[PDB]
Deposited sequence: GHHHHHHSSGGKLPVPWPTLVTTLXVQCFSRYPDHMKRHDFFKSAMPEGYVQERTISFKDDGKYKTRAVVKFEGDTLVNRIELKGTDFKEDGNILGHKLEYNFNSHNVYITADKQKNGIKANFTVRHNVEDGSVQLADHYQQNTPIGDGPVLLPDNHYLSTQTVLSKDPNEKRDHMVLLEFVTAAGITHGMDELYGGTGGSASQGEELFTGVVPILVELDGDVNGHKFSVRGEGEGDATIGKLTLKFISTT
C-alpha cells in the first residue's frame, strides 16, 4: 500500500557502480572494482528540522543481476513535517556526490546534501553521510577526491495500480585530464538490477522492490519500484 514517506526521499537509498567514469578517471572507480563480491554501503541521512534515516545495504552480483538489498531505519520524524506529511514534490534535483578515499577501511566516504522541493516553494534538505567498504579480500581501486554528478526524472506507469515510482537516472564522474579493474568488465553491457528495501520510519513499516537495468557505459539507470507493503 501507500508508502509512509515520499518516494523522492528514498531515491538515494534505492547502485553507484552504474556511474559513468570517463576513460581518464577509470582508476578512480571503487564501486565497480569491488564486484562481484560487492560492498556494504551505509548512510545517515539527516532531514534538516526533521528526522533521520540510517541505512545499510549490501550491493553485489547474484549471477547476472546486480542486487541492492537495504535495511532502512527512520527515527525522530515530525508528524506534520515534510516527510510524514507528504509535502514533497515528485521530482529530483541534480546533485554532486563528493567522494574521498577511506584508506583505513579500504573503501570510500561520500558527503552531499539533497534538496527536496516542497509543495509550498520551500526546500527540505537531506544531508547525506556515506561510507562504503568492500566485502571481498581482493584489491580495490581507492580514488583521488572527485564527485558524481546526477540527473534524475521521476514518472508513473499509467497501468500500475500499486504505489510505485518509475525512475530514469544518469550519473557521470568528474572533478579530476584498457580496464582498470576486473570488476569494471562486469559492467560493459546492459546489466539487470534488483533492489529490495525493508523500511521502518517512526514505526511505519514498508518494503520496496525495484527491477530494471543499468548501462554504466552511459551512466544510465532505468528502474520501476513498487511498494510491496
Counting from 1 along the deposited sequence, what's missing? 1 to 10, 25, 188, 190 to 199
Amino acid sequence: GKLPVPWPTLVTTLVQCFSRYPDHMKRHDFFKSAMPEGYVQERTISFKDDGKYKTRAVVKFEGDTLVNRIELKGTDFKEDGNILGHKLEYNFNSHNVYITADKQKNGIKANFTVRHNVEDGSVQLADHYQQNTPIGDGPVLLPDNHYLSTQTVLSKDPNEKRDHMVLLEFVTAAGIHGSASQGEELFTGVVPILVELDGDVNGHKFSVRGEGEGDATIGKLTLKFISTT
From here on, numbers count along this sequence of modelled residues.
155 to 163 or 83 to 91, whichever carries the higher mean Cα B-factor: 155 to 163
Per the PDB entry, mean CA B-factor is higher for 59 to 67 or 178 to 186, namely for 178 to 186
Could you check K52, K32, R43, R27 and tell me which one carries the biggest Cα B-factor in the deposited entry? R27
Looking at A126, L72, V123, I99, which has the highest Cα B-factor in the entry? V123
Lowest, middle or highest third of the chain for the C-alpha temperature factor of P8? lowest
For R20, does the deposited CA B-factor place it in the lowest, middle or highest third of the chain? middle
For the chain shown, is the CA B-factor of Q104 in the lowest, middle or highest third of its modelled residues? highest
Which third, lowest, middle or highest, does the C-alpha temperature factor of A110 belong to within its own chain? middle
Entry-reported C-alpha B-factor of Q130 relative to its chain, by third, is lowest
